[PDB]
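What follows is one chain in structure tokens, specifically the form deposited in one PDB entry.
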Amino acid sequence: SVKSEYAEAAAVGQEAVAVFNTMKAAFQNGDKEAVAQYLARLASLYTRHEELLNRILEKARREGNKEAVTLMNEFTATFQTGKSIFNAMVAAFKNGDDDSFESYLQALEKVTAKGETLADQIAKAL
């Protein structure tokens, strides 16, 4: 079902949360080799999450589930904010700009925390 596809998508999102929090610790500790690997892992996780979300939205559209479409449009918009901030964080790591990396890190944390009430609303709507 679309609801079980959303449970799979949620789990991938939680995997990225876990990897992110480990990466944050590695960044603080100066373990740049670990950070590089975690950023690669996060890129794959976000790419996969984005795809699962698009399939969920497309299915809700085909089902005529107007409320779920509305919530998923808002949620997919917020996802792209996080993706842009993530990608900027990656560039800051490449460039050795630790000040920008810290900045983007906190921003990605706040954008993600903000979107959690909507994430729970979607589960109930599908």
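Only the largest set of C-alpha atoms that superpose within 1.5 Å between the two forms is called the rigid core. The first residue of the sequence shown is number 1, and the count goes up from there.
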Between 110-118 and 6-14, where do the CA atoms move more in 9 other deposited structures of this protein, taking the root mean square over the structures and residues after a core fit?
-> 110-118
Mean C-alpha B-factor higher for 5-13, or for 103-111?
-> 103-111
Of 80-88 and 94-102, the stretch with the higher mean C-alpha B-factor in the deposited entry is 94-102
Could you say whether, by C-alpha temperature factor, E63 belongs to the lowest, middle or highest third of its chain?
-> lowest
Mind checking which third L118 falls in for C-alpha B-factor across the chain?
-> highest
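Omitted from view is the form solved in complex with a small molecule, to which the following refers.
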If we test each of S44, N29, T70, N95 for a heavy atom within 4.5 Å of the small molecule in the deposited complex, the one that passes is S44
Heavy atom to heavy atom, is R48 within 4.5 Å of the small molecule in the deposited complex?
-> yes
